[PDB]
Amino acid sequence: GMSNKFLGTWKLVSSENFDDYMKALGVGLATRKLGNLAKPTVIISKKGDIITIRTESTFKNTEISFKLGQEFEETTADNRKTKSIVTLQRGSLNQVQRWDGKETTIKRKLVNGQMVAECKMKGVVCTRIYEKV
């Protein structure tokens, strides 16, 4: 299953191309300005086979709890209501969100003890690096 190395609290240390990723998602200007300034903490935990990913920022908090491979309802930081599925591929935690005939993916993997999140929407690709706290 998901490596226990994912478990813990993670702080954003780098973000690249997040603005265009938010634009591709339909996020408006004022919201993107705050989104580009946020430095969220992401907390990954598990209880039995339920994994929880919580994101905390001054602007917005989000939380999802899920079992691998089982679709669930999600409300995103920009208030999309999506049907989402998290899978595990070569140790990477891959989240797909679907809504309104669209889809985006957020892939999280460990790289030299950092967690790297790659967000993709319509060919736009964002990379966010987190340091374990």
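Counting begins at 1, following the sequence as shown.
Here 68-76 and 47-55 are compared by their mean Cα B-factor, and 47-55 comes out higher. Sort the modelled residues of the chain by CA B factor and residue 36 lands in the middle third.
Sorting the modelled residues of the chain by their CA temperature factor places residue 7 in the middle third.
Remark: residue 24 belongs to the middle third of its chain, ranked by C-alpha B-factor as recorded.
Residue 112 sits in the highest third of its chain by CA B factor, as recorded in the PDB entry.
Ranked by Cα temperature factor within the chain, residue 104 sits in the middle third according to the deposited record.
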